[PDB]
């Protein structure tokens, strides 16, 4: 794939259309991703404009959602990424993940440099997943795993 986008609104408008079709069809993201061979987090992100689907998966999810050919093509384009409307989320569900950075951002930095050294944990050589687990005290918990490669910063 060598084609890419520069205006996020094209793929985000498509996402809204995908979401309406998905709601009318009573589909989950797990079943849309089923049969693609790709993780639900990756396929979902693509539908929402933040990843590119390979051609086979794009044709599969496009059939499930009754997308036209322009939209199946658009899902294969490399996106202009950035899902937050204006830098800080307003939605409570998304905001909590921003708050985690306001509370633990410097701890994440400190512990990364302690365990690995100078450098970063990659957001590119990176996967995440969301799992539901029972809480022993009652209710349910989400275990969200962020898995990134350490890239060192070295003198030159």
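Residue numbers count along the first chain shown, from 1.
Of 83-91 and 52-60, the one with larger mean CA B-factor:
Per the PDB entry, the higher value belongs to 52-60.
Comparing average C-alpha B factors as deposited, tell me which of 106-114 and 124-132 sits higher.
Mean CA B-factor is higher for 124-132.
From the list 23, 142, 12, 146, select the residue with the highest C-alpha B factor recorded in the entry.
Of 23, 142, 12, 146, 23 has the highest C-alpha B-factor.
Third of the chain, ranked by Cα B-factor, where residue 43 sits:
Within its chain, residue 43 is a middle-third residue by C-alpha B-factor, going by the deposited values.
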